[PDB]
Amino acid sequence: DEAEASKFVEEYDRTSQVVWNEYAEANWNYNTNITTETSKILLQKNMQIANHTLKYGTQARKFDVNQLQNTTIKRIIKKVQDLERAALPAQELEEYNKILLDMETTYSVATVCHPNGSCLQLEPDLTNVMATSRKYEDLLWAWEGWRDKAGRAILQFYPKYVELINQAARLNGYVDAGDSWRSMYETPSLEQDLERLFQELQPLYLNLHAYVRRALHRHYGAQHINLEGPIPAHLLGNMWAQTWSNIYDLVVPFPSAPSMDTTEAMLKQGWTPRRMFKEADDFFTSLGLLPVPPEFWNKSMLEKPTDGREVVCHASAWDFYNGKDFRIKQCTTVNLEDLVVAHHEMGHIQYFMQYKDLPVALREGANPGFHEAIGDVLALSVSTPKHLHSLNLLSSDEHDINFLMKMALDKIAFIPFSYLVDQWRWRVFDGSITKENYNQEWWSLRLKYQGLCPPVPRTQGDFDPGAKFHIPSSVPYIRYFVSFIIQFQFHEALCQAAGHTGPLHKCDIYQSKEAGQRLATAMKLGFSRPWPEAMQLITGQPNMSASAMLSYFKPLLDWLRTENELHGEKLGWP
């Protein structure tokens, strides 16, 4: 029986590599050239890989995992018993695949037009408007328009999507899709753990929220900002107000200390998307980590195509399951924000390369959060004033607070948003939220967690969640909340391993081999062991903890309390 098991695993692995490699190809061609032809081929490739999944999934279920001795074989087989979408009857499977395809296409090709004929795409057009406009009505036009065109257009597909993905989940042993997704963490206390983590960052977020609200009151007027209420969702410099980095100019703690125009600097000295990824590649190798293969530069799409073809711009990293072909798909824009994204994506590629020799079923991060944290960890060091100056993009207490504020506008502001997304989806999946209350419950959470309000009252027909990539693309979001917490835990440990002393925010792990070694040993484990082990390998302890992030921002927290206190700010939104 045990002999049949290891043989099954071997056959599953060698056959999966081939089928998954072929699927990755068709999926890539569609993402990089949305045509009715590539669509048709992809949907056909869907059925083929589903066929393979059903064949081996059916076999795997015949094994009594409880009686399997080898833990690795036991772990792989248990995982293969989950057919995911392939568990759906043929009819439902094709409908589900088409549903997903249509939602993704609808989102990626949506445009917002003016009365003339000027239509803007999300990236970089609408994104730039949200980041640079300081006119309430212009920001509103883009904010509302995007939701009218992308959000509303997804609503017709969602209820069916929810029904089918939940059905698939039940056919695989779970109670609903949310249950299935949370299982990726293999942590029964997950919901409580995440709740405790969120609560620990509340003091910091609430103080940042009040400070920013005051600055907005200063700029947009008392008639448009309630000093004791939520902040209008279109004023944070980002379409989803998930990161507030772009309004740094409106909230700079010490304006007497001017900061260079980072974007102007990159452009001023000919930085290109390729340069950007080359710098990221250099940081990884400096740590002793792996460089991306030559093939990466030849097959990746680092720029928005200008040959008439429509593509999915939303940045992503791809593993073609042959241990050789890895690629990034990003309509890269030359600015600091995308430089961080490039590192984020390169972090995924590094993970792909580190565990490429493990059985395919175990080729994943310790948990989804780990996969998301890698690139961000390095980017933390890249973002330091001193590091940016070494790249010639930049030229002290007050400077520390200014830097910490810039970092907080990104990292701290994101905490409540990254927490909120799946709190909403989990309740949609378990049936607590019906299509009648999709939007209203989304905004109840936007208010409760982020303290934001819609600048325009929502009406029947609106489906704002659909205006956020991950929703129509069906990509879990809690991984980002986990990532933002643990990436600071990783930064703290790697900095200590690198011999750094003094304030954590001043640490730059560039070219530290000790740091790189901890990340490598952890990444090599892939999904072979419970994530707490990878956590231990990197940090010396096994739990998730907000301590590192709180320690990183401690100076800012103190500055924020003193500043908000002297202005008599009322934290929160009664």
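Don't overthink the numbering: it's just position in the shown sequence, from 1.
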Problem set entry | Absent coordinates between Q192 and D193 - deposited residues affected, binned into four classes | none
Problem set entry | Selected stretch [higher average CA B-factor]: 518-526 or 23-31 | 23-31
For this session: Between 283-291 and 366-374, point out the one with the higher average CA B-factor as the PDB entry records it.
Result: 283-291
Seminar exercise, completed: The largest CA temperature factor among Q423, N322, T243, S474 is found at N322
For this session: Could you tell me which one of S133, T106, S256, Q487 shows the highest CA temperature factor in the PDB record?
Result: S256
Seminar exercise, completed: By the entry's values, the third containing the CA B factor of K160 is the middle
Problem set entry | Cα B factor band for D400 (lowest, middle or highest third within the chain) | highest
Seminar exercise, completed: Temperature factor at the Cα of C495, chain-ranked in thirds, falls in the middle
Exercise. Among the chain's modelled residues, which third holds the C-alpha B-factor of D261?
Worked result: highest
For this session: Looking at the entry's B-factor column for C-alpha atoms only, identify whether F481 ranks in the lowest, middle or highest third of its chain.
Result: lowest
